[PDB]
């Protein structure tokens, strides 16, 4: 049975290198967006935002939100998600960046702008997905 979206996954004591977060789900048909939000309190340390129809293009927007202001976006035109299809997102925390693979293929990395990794204590998962699983493990 699917989890309820938007879904909140506590990250006890924040994130740390060698921490692997795995999100399993299926994209809804005619999906418009997906969002992962690694949060430090109200701040979003790492925002991972696949957009299925931005001016008829598919793009993943990544960014950080500090004191309610979004920063400079990082955009990646490789777009492995497809409406209707099951996906696996793996977010591996490394010393200098978040490393994201989708369906076992490296997708992008996002350098740490928020430095207090052990305060990034919650992951919000939202958008047009049926969420199957969300978990973490130390590798």
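Numbering follows the first chain given and starts at 1.
Comparing 61-69 with 75-83, which has the greater mean CA B-factor as deposited? Mean B over CA atoms: larger for 75-83.
With reference to the PDB entry, specify whether the mean Cα temperature factor is higher for 52-60 or for 109-117. Mean B over CA atoms: larger for 52-60.
Per the entry's values, where does residue 129 land by CA temperature factor relative to the rest of its chain, in the lowest, middle or highest third? According to the entry, residue 129 has a C-alpha B-factor in the chain's highest third.
Lowest, middle or highest third of the chain for the C-alpha temperature factor of residue 93? Middle third of the chain for residue 93's C-alpha B-factor.
Chain thirds of CA B-factor: placement of residue 10: Residue 10: CA B-factor falls in the lowest third of its chain.
What third of the chain does residue 31 rank in for C-alpha temperature factor, lowest, middle or highest? Its C-alpha B-factor, which the entry lists for residue 31, ranks in the highest third among residues of this chain.
Within this chain's modelled residues, let me know which third the CA B factor of residue 104 belongs to: lowest, middle or highest. Highest third, going by the recorded CA B-factors of the chain.
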